[PDB]
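S.K.:
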Amino acid sequence: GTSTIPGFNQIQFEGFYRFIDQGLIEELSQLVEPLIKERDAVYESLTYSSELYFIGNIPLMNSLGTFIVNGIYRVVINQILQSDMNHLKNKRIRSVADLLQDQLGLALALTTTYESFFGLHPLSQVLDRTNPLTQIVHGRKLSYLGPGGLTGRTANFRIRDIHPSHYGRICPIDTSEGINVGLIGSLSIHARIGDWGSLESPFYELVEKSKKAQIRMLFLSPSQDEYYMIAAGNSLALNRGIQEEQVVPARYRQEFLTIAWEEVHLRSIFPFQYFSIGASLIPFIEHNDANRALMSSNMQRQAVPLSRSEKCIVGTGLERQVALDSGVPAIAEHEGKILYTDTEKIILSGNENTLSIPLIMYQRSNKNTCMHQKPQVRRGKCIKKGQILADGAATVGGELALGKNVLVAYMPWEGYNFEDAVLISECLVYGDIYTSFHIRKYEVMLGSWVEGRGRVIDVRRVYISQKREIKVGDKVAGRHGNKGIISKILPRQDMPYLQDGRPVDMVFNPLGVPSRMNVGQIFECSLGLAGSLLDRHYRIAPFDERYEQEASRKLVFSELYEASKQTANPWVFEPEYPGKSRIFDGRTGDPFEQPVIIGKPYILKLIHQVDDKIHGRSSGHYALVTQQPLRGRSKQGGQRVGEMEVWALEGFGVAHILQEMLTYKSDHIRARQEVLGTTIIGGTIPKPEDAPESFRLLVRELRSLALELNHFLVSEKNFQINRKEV
Amino acid sequence: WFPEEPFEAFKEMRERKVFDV
Amino acid sequence: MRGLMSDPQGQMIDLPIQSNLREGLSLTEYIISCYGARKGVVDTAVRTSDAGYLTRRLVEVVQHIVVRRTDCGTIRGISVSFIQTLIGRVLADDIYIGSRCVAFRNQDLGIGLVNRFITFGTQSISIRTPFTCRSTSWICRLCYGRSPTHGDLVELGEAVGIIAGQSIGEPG
Amino acid sequence: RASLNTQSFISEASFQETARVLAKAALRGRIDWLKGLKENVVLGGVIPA
Amino acid sequence: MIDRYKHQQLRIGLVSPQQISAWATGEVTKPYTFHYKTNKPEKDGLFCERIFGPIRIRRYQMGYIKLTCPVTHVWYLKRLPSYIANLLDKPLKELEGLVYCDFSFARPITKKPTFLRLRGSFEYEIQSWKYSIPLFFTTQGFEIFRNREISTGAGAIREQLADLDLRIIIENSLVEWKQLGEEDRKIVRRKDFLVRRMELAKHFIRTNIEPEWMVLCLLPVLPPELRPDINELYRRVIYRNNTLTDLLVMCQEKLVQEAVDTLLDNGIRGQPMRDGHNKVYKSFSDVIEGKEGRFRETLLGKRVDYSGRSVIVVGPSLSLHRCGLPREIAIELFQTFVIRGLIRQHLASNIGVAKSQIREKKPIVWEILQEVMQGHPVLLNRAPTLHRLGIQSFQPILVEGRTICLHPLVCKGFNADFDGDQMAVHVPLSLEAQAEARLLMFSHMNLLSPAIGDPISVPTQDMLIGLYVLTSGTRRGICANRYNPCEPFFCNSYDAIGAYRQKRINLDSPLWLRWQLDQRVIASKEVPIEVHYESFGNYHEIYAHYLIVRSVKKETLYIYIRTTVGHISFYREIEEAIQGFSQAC
Amino acid sequence: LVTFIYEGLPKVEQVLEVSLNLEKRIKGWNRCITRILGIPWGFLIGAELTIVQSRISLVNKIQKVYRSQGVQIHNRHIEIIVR
RNA sequence: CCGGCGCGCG
DNA sequence: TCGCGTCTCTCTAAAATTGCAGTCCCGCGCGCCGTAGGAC
DNA sequence: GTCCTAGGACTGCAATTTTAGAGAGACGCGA
Ligand SMILES: [Mg+2]
Ligand SMILES: [Zn+2]
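Chains as they are written, first to last, in the entry's author numbering: chain R, 8 to 36, 58 to 81, 100 to 129, 305 to 330, 361 to 694, 728 to 735, 783 to 791, 807 to 1072; chain F, 740 to 760; chain C, 149 to 229, 242 to 332; chain X, 1276 to 1324; chain Z, 1 to 25, 35 to 64, 98 to 225, 234 to 278, 291 to 310, 321 to 558, 578 to 676; chain U, 1129 to 1135, 1145 to 1155, 1162 to 1226.
1. From the DSSP output, in three-state form, read off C871(R) for me.
2. Pick from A488(R), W512(R), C563(R): whose alpha carbon is nearest that of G648(R)?
3. Determine the closest residue to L569(R) out of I528(R), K596(R), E586(R), with distance taken between C-alpha atoms.
4. At 7 Å on the CB atoms, spell out the chain R contacts of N453(Z), in chain order.
5. Given 8 Å as the limit, tell me if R1226(U) has its C-beta closer than that to any heavy atom belonging to ligand 2.
6. Considering only the alpha carbon of each residue, which of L59(R), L873(R), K911(R), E477(R) lies closest to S898(R)?
7. Give a yes or no on whether 9 Å exceeds the smallest Cβ distance from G962(R) to chain Z.
8. Which chain Z residues sit within Cβ distance under 7 Å of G819(R)?
9. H658(Z) lies in the alpha helix (DSSP H); which residues open and close that run?
10. Scan the segment 160-189 of chain C for residues whose Cβ lies nearer than 7 Å to a Cβ of chain R and list them as they occur along the chain.
11. Taking the beta carbon of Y591(Z) as the centre, do at least 16 other beta carbons fall within 10 Å, making it buried, or is it exposed?
12. Who's in the neighbourhood of ligand 1, going by beta-carbon under 6 Å from any heavy atom, listed in chain order?
13. Since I1188(U) is in the alpha helix (DSSP H), which residue starts that stretch and which ends it?
14. Tell me whether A1052(R) sits in a helix, a strand or coil according to DSSP, three-state version.
15. Apply the 10 Å Cβ neighbour rule to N116(R) and answer buried if 16 or more other Cβ atoms are within range, or exposed otherwise.
16. Checking 9 Å against the spacing of the C-beta atoms, do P468(Z) and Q326(C) come in under that value?
17. Tell me the DSSP bridge mates of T114(Z)?
18. Using beta-carbon positions only, say whether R224(C) and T292(C) come within less than 9 Å of one another.
19. Which residue comes first and which comes last in the alpha helix (DSSP H) that contains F1284(X)?
20. Where does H538(R) land, buried or exposed, given buried means 16+ other C-beta within 10 angstroms?
21. Considering only heavy atoms of ligand 2 and the C-beta of each residue, which residues fall inside 5 Å, strictly closer?
22. With distance defined between alpha-carbon atoms, name the residue in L276(Z), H418(Z), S515(Z), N128(Z) nearest to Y102(Z).
23. By how many angstroms is the C-alpha of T363(R) removed from the C-alpha of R100(Z)?
24. Pull up the distance between the alpha-carbon of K326(Z) and that of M104(Z), whole angstroms please.
25. Determine whether the Cβ of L206(Z) lies closer than 9 Å to any Cβ atom of chain R.
26. Residues bridged to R375(Z) by DSSP?
27. Based on Cα-Cα distance, which residue from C111(Z), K108(Z), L137(Z), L306(Z) lies nearest to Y118(Z)?
28. If you draw a straight line from the C-alpha of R502(R) to the C-alpha of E513(R), how long is it?
29. Could you give the residue range of the beta strand (DSSP E) that holds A501(R)?
30. Ignoring anything shorter than 4 residues or poking outside the segment 923-974 of chain R, list the alpha helix (DSSP H) runs there in chain order.
31. Could you spell out the range, first to last residue, of the alpha helix (DSSP H) harbouring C678(R)?
32. Whole alpha helix (DSSP H) runs in the segment 497-572 of chain R with 4 or more residues, listed along the chain?
33. Answer with yes or no whether the minimum CB distance from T1281(X) to chain Z is below 9 Å.
34. Determine which residues of the segment 1296-1323 of chain X have a Cβ less than 9 Å from any Cβ of chain C, and write them out in chain order.
Structure representation (structure tokens):
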């Protein structure tokens, strides 16, 4: 990784090879290739493992860095623990090499314990296969939790904070949301694991004349990171003196300075050095507030692969790396020529070696997302080893493609984009722009339309495909932390339209920018429109203002003017208000009073949608002990009325609504049956007057502690004490 | 603030109608 | 401009963020601005777990307080000498201007009466508050005052304790 | 502390230190007259408000 | 007014062994739970059908375990401060040693005569007492009088508690307190112990509680249907009690006591005893206490029927008192009412046929659902209910799709935005609940927040910007004219708005409006800029925002207001709202 | 080389669960009123003066914390808790 | 129709 | 022939740490994994 | 394969763990 971005799975790949190299020998103080194929292990629910000679079976790691146990893909994540306590120089990272070798220590004191390690260990997790982005980022996580590690309650408040030793090793943006915030980390793009368990990042050495210095790119462990003056600025500054006493910002001894160039030892020159994969896919990230950068990274991991995929007009240039390192596309393992291509397979022949490459056709993920592959080559094309052969799901031309380029306006529309709602056009529906395939598994004739309604596609285990077009209540988001729920769908004649007569596809609330402080979405939408007219795509590395002031503004404005001039569309670039244009009301034909920022941004469709959240219940099954309605949509359970909800009802004074939801809608067995009968005949519901089964349950438990709890009623008429049955 | 002096405090509660004879 | 940020252990970073989000943060400035981004998410995880605990204890201590009487019969009255506090309180004593009675005992304090008190030289105002009620297990209508939402005097059977607990814990 | 010195042992038991409250109360035959809102919620009855 | 008196009480109390037997009468004698082969309840076991009932009564019928030796209750010995230690007036260490170690107590009882000078708790066994006294006194008679001068374990504690004279305790404590007072850290703590002891002894006199019930002779057994972990602890008590009676030795007596303590309250003896998986057992105290316990999870909050959930979307066309319900949620919640509607109009033969019709989504099911939802309110509720406005009542209407349609003006009270939030829906069933929801919880009587009284359904964001732009007046001064100046006149507001509709004037173009009401325009309290007095008597007074024509001959007075179409539109909107509401009633 | 030495919600929760002047006045008042007045006017007046001062400062401290953050809560709600 | 572990949403 | 500080414990009054007990937002969704051990 | 089969963080508080205060019975030295 001295001159290129390293493979995102290189840490897992190197760790496993080290375990085979010295971990096996160091613990035994001879392996044979597995008989079952990798596809066969998952197809019929086996474990991809190799035999050790008969001591046991050693699981094997896939070239993507994931194991298979019982036909389930699993990932072993890294752990951080104590080797200034929060300094990274007092930490160590335990990879899969340390976790697999350690279990060998327990194993020799094999097959069963390794099987139980992947099933039960918290650091072993099921691989997320929602989209190609989730497959790779899962393996690069760093955790303080796990055995030997601090718990969220155990976590110190000084931990979860950003330490200056993290720069270039741990991404300062990516973290978990909730109680586990600041305890789940993520490796940087250029980060590497050293020989002492420390994280290293590459820095460029500036050295004096009298030194060979064959390679000027050298990796720093955090221990030696302090004692170097590292600069991130550039050398494009000259005055009447000379270049050496020009001042630049620099890092030294956990603080930031401003010293001359002659006192700088190392330079940070890589563009993606300080960020993870999630934050490195946000174009114009330097114009977004870092708070929304964390949420934007999470949203990109929930994007659903669409039935048809297309590349983004504006990107960062890391999409190609993500596609290559995810394994979703087909990559040639041998040079040669293409001879045959179809849906089921691709035939490649080279150097008297002819191979047949099967292609994935409508398979299911762990998150009920479809996988599919289409050829990317034609017969008679020469291929180098390592070049793409086919495109997988959410991948076009060897790039990650999680969304669509749609025409968008930023204006309020009659309250249908109130707060965070999104108004879309019917063209996105009947055009199948945001249609995705979803497949469930259930433990029937093939090709039958069951009635969860869908088409049975595979029987082994029943797999049912569901074609889901975009709908009201679905969630869409951009790559700048701009999420929203679809609340209205309009015919194309009702949407606002541009000065070329084209209606827009989505309308966004402009009020969501100032409070959220993500200006990068305004930059991307304007440039996306320019690229579509100019037939151009843009892959822009972040922090382009290092070249000059307002570099993103110059790039977007000049490309907008080029598209306006070349296509003879004067509304595309307006000298009075660049980026904005007057659009017309689709209902009246009258222009809106103010110019509206328009463009063609990249919008994603997320997993969180209706048809998986709508729940309803009348009555049904109750718990065995508490006799209360079950919990969960899948169990047809009811909604909980918690103690905070009870306070609100008591504040309203609605004493009879509260008693309804305390006795004969929850656990009064006798009164639940009568309410079912009275409501069907409409004959008035009487008061329960008895105790619900939750109070009787508590009385028996108190009886088990040798305590008696009796409920007595004293008559206000004759003062007779009545013992209530409990 | 009621003054720290006990008799001044007594006069204060007499004036603020906290306590009286 | 985004100004200056602060490192986790209180101290300020000796480097300003002199650019705004429209201009585009430099790589150094973006890293520094991540310090406050981490603080916001972490402080969220403690603002909720603490206020929720605070709200439960707040509601619990006064859950049993309900308006159960029209008038406890107390004669004590807190002396008052600002406007938003006096509105809705019930006078515990008559108010006189010269030989004329301008406000009677057991009378709701409107804002016109308060302005009249301020306009003239009225030094002491005696009002009935929750501190003056002859009970700690319930409150009466006159010692509570006007309803917080219904405009008139508070009604019997109102669970004012839970409303009091929710009102304080809600903005936590 | 004020919420643990009330006139109801059901309100204290459902608030904090359930075992400590119940053990102290059951020694002296403590009587709860259900004058509060939370006491009647536990029993499922109508709150007196 | 005579108050409608209601005298209801519940009282806890320490239980007696006789009341335990009355609960059971029925003794569990075998530790077998179920048959390994036939899967039937083993007789005399933890799930015995004879003891507990046929396989409703199994949820309430209690059993008991007849312990061979009495075992102390852990709550009353190990919890600090110890009640048994305070009532017996001995340090906790010696009592714990007597219960857990091989210690024998000298002179445990008083109401029967003795003949020995054995006092205190002798840790070492008495050498003479081992052989000399028993061998001279033989075995039968010695054992007959054995448990009167020396005893050990919880039996000695129970004997000490049974013969305690509470009044003598109170008098001795009071006299010792007086002696201490008449004479400085634990000179006070000893006093505090004395005060605590007389208050503890006083409570026993006035109640029916006996201090010897603090040591258990019988162990009540939870009904089987409440324990379909606890079962494992019950087997141990039978496992070690049945071993003890086979012997009839001190070690097994302690094992029974530890089994009961673990069953009653673990995690109180320092190290809590774990299972074979190195996991701490869960005792009755654990399941009744804590945030997840019975009190704070099962009793203070309940899951309910006739409830639903879906994603929230904005509806700007809704009324303030209406909400949109998904068809599936509505048909689930109102299922019984739809069944009644089907049967009532003879379109369903019985309940089963109606349910089958509902399951088939017949087109006539939706007509009945729409009919029965009219006038029946529902309760919406967002997750973090921070105040009472977090749950409100609305009139449901049938909307297409799978989302709940929510009014935009009630989002602030719910603290809701349309980026993924969901809500729960509840249906009041009885007439009283429906009346409560309609007359107390609807949004149109809840316009003010209870915290301070500010309005809660105030226009925000988009509506606020719209109103601000509408009421933003003319451009004035150098922003209106390029040069130093060295407008249409409308009879009524309808003429001005009509001219605006025909694009004759802009939203913020100045105009003069003839005013035929009183002067009610908010403006700065300023004298006229210019008064144009005519020699015929008429004079024109020109203010910053209006022109007034007056005369000295007549009493005429004409008013013209300088404004825009936006101000006129705002005023007309509010005026027309008031007039329409007045006319509709 | 050289060393230089140079110069909300937790607050409101601390007051609720229990001012420097308040605890100094309570200490001063306790030792004086009982010595001046004997039979219950020693205890009744002392308790009345301490509680009246405590309520004024307890409400003031809580209101000051909330007013500093723009939170508007009526004095009635706080007086219910303080009572 | 029972509990733990992991991942998420508001 | 006792008398005198006093040798050697000696028993308890009065702080001084110190080891537990108690607690630490709410409401939803999904997946996986249990239920172990040993002589046949 | 297996069939029965037996480690935060803060507050509260009583509980040691001394520290100390006096202090006395038998006494080796001594007047
Ligand atoms: Mg939201
Ligand atoms: Zn009162």
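The C-beta atom is built at its ideal place from N, Cα and C for all residues, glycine as well.
M.R.: The relevant details are as follows:
1. The answer is helix: DSSP assigns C871(R) an H, G or I state.
2. For the residues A488(R), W512(R), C563(R), the minimum Cα distance to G648(R) belongs to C563(R).
3. Ranking the options by Cα distance to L569(R), first place goes to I528(R).
4. Per Cβ cutoff of 7 Å: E991.
5. No.
6. Here the closest residue by C-alpha is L873(R).
7. Taking 9 Å as the threshold, the shortest C-beta distance from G962(R) to chain Z falls below it.
8. Those are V383, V385, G473, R474, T475, listed as they occur along chain Z.
9. It spans 656-675 - the alpha helix (DSSP H) in which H658(Z) sits, taken as one unbroken run.
10. Listed by position along the chain: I161, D162, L163, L169, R170, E171, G172, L173, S174, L175, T176, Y178, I179, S181, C182, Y183, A185, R186, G188, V189.
11. So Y591(Z) ends up on the buried side.
12. Listed along the chain, these residues meet the criterion: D489(Z), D491(Z), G492(Z), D493(Z).
13. It spans 1184-1210 - the alpha helix (DSSP H) in which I1188(U) sits, taken as one unbroken run.
14. Note: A1052(R) maps to coil in three-state DSSP.
15. Classification of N116(R): exposed, given that the 10 Å Cβ count is below 16.
16. Their beta carbons are not under 9 Å apart, which means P468(Z) does not touch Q326(C) by this criterion.
17. The beta-bridge partner set that DSSP reports for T114(Z) consists of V265(Z).
18. In contact: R224(C) and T292(C) (Cβ atoms closer than 9 Å).
19. The continuous alpha helix (DSSP H) containing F1284(X) extends over residues 1284-1288.
20. Result: buried.
21. With the cut-off at 5 Å, the residues found are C220(C), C293(C), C300(C), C303(C).
22. Comparing Cα-Cα distances from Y102(Z) to each of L276(Z), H418(Z), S515(Z), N128(Z), the minimum goes to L276(Z).
23. Their backbone Cα atoms lie some 42 Å apart in a straight line.
24. Taking the straight line joining both Cα atoms gives about 26 Å.
25. No, because no Cβ of chain R sits closer than 9 Å to the Cβ of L206(Z).
26. Per DSSP, the beta-bridge partners of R375(Z) are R986(R).
27. Of all alpha-carbon atoms in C111(Z), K108(Z), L137(Z), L306(Z), the one lying nearest the alpha-carbon of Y118(Z) is that of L137(Z).
28. Each residue's Cα considered, the two are about 14 Å apart.
29. For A501(R), the enclosing beta strand (DSSP E) stretches over residues 498-503.
30. None, since the segment 923-974 of chain R contains no complete alpha helix (DSSP H) of that length.
31. Here the alpha helix (DSSP H) through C678(R) covers 678-681.
32. If one requires a minimum length of 4 residues, the alpha helix (DSSP H) runs lying completely within the segment 497-572 of chain R are 541-551, in chain order.
33. For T1281(X), no CB of chain Z lies under 9 Å from its own CB, so it is not counted at the interface with that chain.
34. The segment 1296-1323 of chain X vs chain C, Cβ under 9 Å: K1310, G1311, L1312, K1313, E1314, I1322, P1323.
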